Structures are given as C-alpha cells and as structure tokens.
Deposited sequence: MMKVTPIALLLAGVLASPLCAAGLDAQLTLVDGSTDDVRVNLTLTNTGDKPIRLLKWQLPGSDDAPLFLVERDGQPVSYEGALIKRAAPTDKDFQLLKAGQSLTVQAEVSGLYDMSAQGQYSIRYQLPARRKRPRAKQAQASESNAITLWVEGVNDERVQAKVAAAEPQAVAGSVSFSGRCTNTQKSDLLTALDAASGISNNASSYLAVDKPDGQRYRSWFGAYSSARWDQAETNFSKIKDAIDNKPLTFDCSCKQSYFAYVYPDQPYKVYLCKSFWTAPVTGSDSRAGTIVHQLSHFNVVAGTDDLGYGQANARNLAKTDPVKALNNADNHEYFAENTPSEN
C-alpha cells in the first residue's frame, strides 16, 4: 500500500511548512502522479480546517492531458519519498485560530495560526502568512507617509521643490490631487498584493488593472520605511493606476528624480519615483 506521513516543520516565521513522506509499503514498485505531490504547480492536495471548519483552497486549477509515463514518479518497494510544501500561500489561513492540515490520506497535523492581521486587502501569487503580515505592515506605513504627503500639500518649501521643481499653482494642485487619490486608494479601495514575481527589481503593475501590485525581490530586501522602502514602493506603484494618478516610469532613483525636477517639472509630476521620494521624505 502507500502510506502518507505528515510532519509540521518548526521555524521561527509565520510560514506553514510541512514535510510529507509517502512510502511504498508494498512489494512491487508503484507509480505516483507528479501532480499529486507538492510542487511549483498549484494543486489542492491538502484538507485545511480552522477550528473544525474547512477553509478555502486559493491556488489554480489546471487542465492537463491524461498522464503519460513522463507524468509519474516511481516509488520502489519499501521506498519513501519526502517533499516539503508551504501551505499558507495556498489556502486561506489568514484568520487567527487553531488549524489542522492533512494531505488528501495522511495523519492531520495541528497548529496555532497567529493571524496576518470601504478598503480591503487581498493576496495572490502564493503570499505566505509572513508575507501577508509584512505586506499589511508595509501598507500601514505607506498610509502614514501618504497621509503626511497630503497634509504637507494642504498647508499654507524645499520638500516640494526637491521632487517637483519650480512652484506653479497648477502643478502643486496636480500633485495634491495625485496624493489625494493615492491616500484614498490606501484608505478605501480594494488592494491586491501578489507575491509570485521572482525578478530582481522592486514591483510592477498594469495601470489598467487597479489595484493589484506585484512585489518582486527588491521589495522584500527593502526596509519597511526610509528610501526605496516597502512603504514607498506601494506609494510608487499605486500612483501608476489610471484611476489614481496615471504616472509613468520615466526615471529611477533619487538622483534621477531630483534631475527631472530641476530640468522638466512637468515630467517630474508625471514620474512615480518622484511621488515616492516626496512621500518618503528621507532624509527629512
């Protein structure tokens, strides 16, 4: 027969990693569908319950052809295979509470889940409970710098001059209106964060697909606040949506933004990093 043993992996993050050991206890080799083993392809391979109630699978479903030889993993007589999966990225484990997880069938393992923490926030692209929690934390920080930016623009200034260049009331109203909409998106709109991107840069968006922001490797290496920070990256990204500010990416980096501000204030007003650096205001 085929036995499935599941063990929780102990770790210091909020992720939920499990080790699954499949063992062929019989005397003849058996063939296992690779699709039915944890992997790079989403599959609903677990029963996950919070407090006795199943929670949702959040991954994709895939149409595949009938399997051929290529699609099987062979397990010899007596032989075991162990694979590790992170479960929080694939099921709805966002709410605090006592969870069980069973492969499905294995024994159930159980654990406590801390809880990741108008407007709403959704996730896709296998964000783990760590990433979800970090993203919400980064959003609260973005809210802080975006509120600050708005308050500044409403009062009456080197901060403005730095990022947006020579004063004109039309450009200053334009900047204030852009920050007003960014603050409204953070405060009141349905945001989506996606964690599937493995690229070396910070994030990307489609300006016609509000309000979904795709984080990449540099987001995770960035500090939560400060220059080129997780908070500022969310301000940058939001500013691109057609329904927010419609900014472009005309240049990257503080040095470039200060140049654009000096040489062509209209382009600076249309640049995402310029908006980011105005809100990050680091150094102050």
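Peer 1: From the N-terminus onward, what segments of the deposited sequence lack any C-alpha atom in this model?
Peer 2: Deposited residues absent from the model fall in 1 to 22, 127 to 142, 156 to 171, 211 to 213, 342 to 343.
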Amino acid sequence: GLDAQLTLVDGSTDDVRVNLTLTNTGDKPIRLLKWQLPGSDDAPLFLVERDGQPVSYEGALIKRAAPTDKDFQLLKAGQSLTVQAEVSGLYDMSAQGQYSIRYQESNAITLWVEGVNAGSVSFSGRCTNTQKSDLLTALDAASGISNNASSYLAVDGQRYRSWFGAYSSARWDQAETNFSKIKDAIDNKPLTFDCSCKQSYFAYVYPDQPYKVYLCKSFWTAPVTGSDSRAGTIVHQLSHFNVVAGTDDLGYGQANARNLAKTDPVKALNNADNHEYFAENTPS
From here on, numbers count along this sequence of modelled residues.
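Peer 1: Taking the recorded C-alpha temperature factors, which stretch has the higher mean, 250 to 258 or 56 to 64?
Peer 2: Stretch with the higher mean C-alpha B-factor: 250 to 258.
Peer 1: Pick between 137 to 145 and 161 to 169: the one whose mean CA B-factor in the entry is higher.
Peer 2: Comparing 137 to 145 with 161 to 169, the higher mean C-alpha B-factor belongs to 161 to 169.
Peer 1: Return the residue from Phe72, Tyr211, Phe202, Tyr103 that has the highest Cα B-factor in the entry.
Peer 2: Comparing C-alpha B-factors across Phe72, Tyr211, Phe202, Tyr103, the maximum falls on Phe72.
Peer 1: Tell me which of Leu191, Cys127, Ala118, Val87 tops the list for C-alpha B factor in the record.
Peer 2: Result of the comparison over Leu191, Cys127, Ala118, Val87: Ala118.
Peer 1: Using the B-factors in the PDB entry, rank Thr13's C-alpha atom against the chain and give the third, lowest, middle or highest.
Peer 2: Within its chain, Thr13 is a highest-third residue by C-alpha B-factor, going by the deposited values.
Peer 1: Check where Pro44 lands among this chain's C-alpha B-factors and tell me if it's the lowest, middle or highest third.
Peer 2: Within its chain, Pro44 is a lowest-third residue by C-alpha B-factor, going by the deposited values.
Peer 1: Ranked by Cα temperature factor within the chain, is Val266 in the lowest third, the middle third or the highest third?
Peer 2: Highest third, going by the recorded CA B-factors of the chain.
Peer 1: Where does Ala77 sit by CA temperature factor within its chain: lowest, middle or highest third?
Peer 2: According to the entry, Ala77 has a C-alpha B-factor in the chain's middle third.
Peer 1: Ordered by C-alpha B-factor within the chain, which third holds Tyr152? Give me lowest, middle or highest, please.
Peer 2: Highest third - that is where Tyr152 ends up once the chain's C-alpha B-factors are sorted.
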